[PDB]
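Colleague: Can you keep this structure in mind? I'll have questions shortly.
Please treat every number below as a calculation from the coordinates, not as lab data. Please note: Cβ atoms are built from the backbone with ideal geometry, for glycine as well, and neighbour counts cover all protein chains shown.
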Amino acid sequence: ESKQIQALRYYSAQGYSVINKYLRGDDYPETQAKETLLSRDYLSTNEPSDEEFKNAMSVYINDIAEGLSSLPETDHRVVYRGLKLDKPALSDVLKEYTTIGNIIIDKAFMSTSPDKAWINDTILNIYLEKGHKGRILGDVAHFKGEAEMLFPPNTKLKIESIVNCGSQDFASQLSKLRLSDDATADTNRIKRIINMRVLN
């Protein structure tokens, strides 16, 4: 098993919790980032310089991305994601994702499912064209039995349409999605569907 796949396994288990905030330019767990770099030997101490830290994070991210890229391609042409976009703090994110024809860049690794969306205020219905960079994790995923298609950083997507709750159009579109039916599933929580397309 390549060391890159092993880095992707770690991403799936725990590294995601640090890396994606880092990549977004958000506040992230700095101490944990450094502890990860030390434990996986990208650095010799947990107290590096800022350039040593940045360079090591780069290699770590690139290992995860390369592990991902090396996984087999599949024939999926759509995937799904539930998001919470109705938080006050995400108001500009909400506006971006609900601007028809907007092109958005996801700076982080982007997790999606080929099989179902977990209900949230927003359901993304994400169309894919052949040759896209998403890969099914399969047994690389830490927890098994939930299909996941992961995309590397900087996925570009186009907002094609937005379907708000409370019409037959919405009801029909929603009925043609497979949703999570877990213990807390409630479709009445859904405010919108956003139909998107990854631009390769």
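Colleague: Here is the link list: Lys21/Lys87; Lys54/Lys130; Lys116/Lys191; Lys158/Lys191. Which ones come out longer than 26 Å on Cα distance?
Modeller: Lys54/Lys130
Colleague: Out of the DSSP beta bridges found with both residues in the chain, what percent are antiparallel (nearest 5)?
Modeller: 75
Colleague: Also, I was wondering about something else. Taking +1 at the Cβ of each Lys and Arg and -1 at the Cβ of each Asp and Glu, which of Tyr127, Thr112, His142 sits farthest along the dipole of segment 81-143 towards its positive end, judged by Cα position relative to the Cα centre?
Modeller: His142
Colleague: Further, regarding this structure: Helix-derived [θ] at 222 nm for the chain: sum -39500 (n - 2.57) over DSSP H runs of at least 4, divide by residue count, nearest 500? Could the numbers behind the result be given before it?
Modeller: Details: 6 runs with 62 residues, N = 200.
The helix contribution divided over the chain gives -9000 deg cm²/dmol.
Colleague: Okay, moving on. Treating only the Cβ atoms of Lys and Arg (+1) and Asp and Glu (-1) as charged, compute the dipole magnitude of the chain about its Cα centre; round to the nearest 20 debye. Don't skip to the end; give the middle numbers.
Modeller: Values: 26 positive and 29 negative charges, 144 e Å.
Magnitude of the dipole: close to 700 debye.
Colleague: Can you list which of the DSSP-assigned H helices in the chain have a Cα extent of 20 Å or more along the long axis and an average Kyte-Doolittle score of at least -0.5? Kindly include the intermediate steps, with their values, before the conclusion.
Modeller: Values: long enough: 50-69 (28 Å, -0.32).
Result, helices passing both filters: 50-69.
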